[PDB]
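In structure tokens, one chain follows: the form deposited in one PDB entry.
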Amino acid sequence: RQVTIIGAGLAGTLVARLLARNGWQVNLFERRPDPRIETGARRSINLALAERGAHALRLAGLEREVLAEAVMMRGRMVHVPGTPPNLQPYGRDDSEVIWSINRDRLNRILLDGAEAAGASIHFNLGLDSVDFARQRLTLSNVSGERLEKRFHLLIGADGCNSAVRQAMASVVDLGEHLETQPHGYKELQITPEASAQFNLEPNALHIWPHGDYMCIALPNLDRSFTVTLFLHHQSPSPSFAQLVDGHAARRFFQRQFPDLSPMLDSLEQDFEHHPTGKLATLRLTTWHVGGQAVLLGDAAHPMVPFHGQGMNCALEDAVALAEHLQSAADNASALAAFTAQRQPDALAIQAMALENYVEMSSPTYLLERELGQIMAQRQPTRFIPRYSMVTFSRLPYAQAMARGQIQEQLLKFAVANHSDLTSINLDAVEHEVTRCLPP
């Protein structure tokens, strides 16, 4: 059984490994050069690995290797210029944590894993077009030289700007719905010396909320941090358009993030040399063309990054796609079944990711969460906070969102017209928890 995968990123490399070790003949094409071929060139991007992604790597036999290079994040460290930052633990103990991993290093581990299983990877070749009728595709290098290949099954794991998706959209209406996101983002750096000087906790995810914009920082093994600024592209107030150069960015940080600016030694340089990224939510009505082509990961469901679940979801997709392809009656049945299974969950995490921005960038909120804590301690089997369901369990995203709604409305009604917990009867709410939330 033969398969061609476009995109040696995260979902594409994992699915290549899962299929190759199950006896598939896998050819993987990547536009970029092989990152394992060391050059004289300078990437420090990292991201949050959670249970969904970790479990996928576990099935693939790669979790231990990945986690050996990951920094444990036990909770959120929220920074507001006046208050001292105190850790908000993510869960009960160190089993409920998030892992900060270098993106390039994760990709290199996955690349070795795909080749170890027997997949052939071809770099410096980007997909340009697909001829579905003749079952041929065209690739080219950066210099334009074109190369045609026959294909039997085409997997689009080629990112938020998928060329496979573009080619599919010409032979079928994919029912695309693009919801633009006003925030851009910029990557900045904190050195190991600066993070130590300012006593920045290494085993935590750091947030500098500020309403319509915010900063986060994730730790690295060498105690450096990668900082991400999230800020509106244009003003409808601060925006990227008002930050014309690095000196403008410095003044912006000194006023709005005074506690963080002194840690950003290379702010001016990083701001001018690192391009501003774009965010969006893109929903598709269908992800496949017959039994010929299918999308997964960011190619299928671009999402805003405010829940740190895009990679985790993409690796989850890879496991599911490989499972369906392995045991289906035929490729067409597999792709339809894969799409039917994962589409509702992708929509759920896309919606939860958008909702989560409000939860971070920022009364009744505190009393509700207090009661939620008591309910969790009374019925840890039934009342599980949505964040923990998304982050530390493998419950289908849509199921996690549905239970999260039941719980939010539960706490909202119980707290309504109550000044404090002393006036709330905790037994009747537990009764409602047992009534509406199975274990």
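In case it trips you up, residue 1 is the first one in the sequence shown, and so on. In this text, rigid core is short for the largest set of C-alphas that superpose within 1.5 Å between two forms.
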{"query": "Unresolved deposited residues lying between neighbours residue 362 and residue 363", "finding": "4 to 9"}
{"query": "Count class of deposited residues lacking coordinates, residue 236 to residue 237", "finding": "4 to 9"}
{"query": "Higher-scoring stretch by recorded Cα B factor average, 154 to 162 or 282 to 290", "finding": "282 to 290"}
{"query": "Mean temperature factor over C-alpha atoms, higher-scoring stretch between 370 to 378 and 30 to 38", "finding": "370 to 378"}
{"query": "Top Cα B factor in the deposited entry, candidates 25, 22, 423, 13", "finding": "423"}
{"query": "Candidate set 227, 241, 320, 349 [ranked by C-alpha B-factor, highest]", "finding": "241"}
{"query": "Where the record places residue 197 (Cα B-factor, split into thirds across the chain)", "finding": "middle"}
{"query": "Residue 344 - Cα temperature factor, lowest/middle/highest third of chain", "finding": "middle"}
{"query": "Chain-wide C-alpha B factor ranking for residue 58, given as lowest, middle or highest third", "finding": "lowest"}
{"query": "CA B-factor placement of residue 434, once the chain's modelled residues are sorted into thirds", "finding": "highest"}
{"query": "Third of the chain, ranked by Cα B-factor, where residue 312 sits", "finding": "lowest"}
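Form deposited in another entry: not shown, discussed below.
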item: Core-fitted Cα difference of 2 Å or more between this form and the one not shown, single residue among 400, 411, 70, 54; value: 411
item: After fitting the core, residue 131 CA displacement of 2 Å or more between this form and the one not shown; value: no
item: Core-superposed comparison between this form and the one not shown, residue 112 Cα displacement 2 Å or beyond; value: no
item: Core superposition between this form and the one not shown, C-alpha change of residue 152 at least 2 Å; value: no
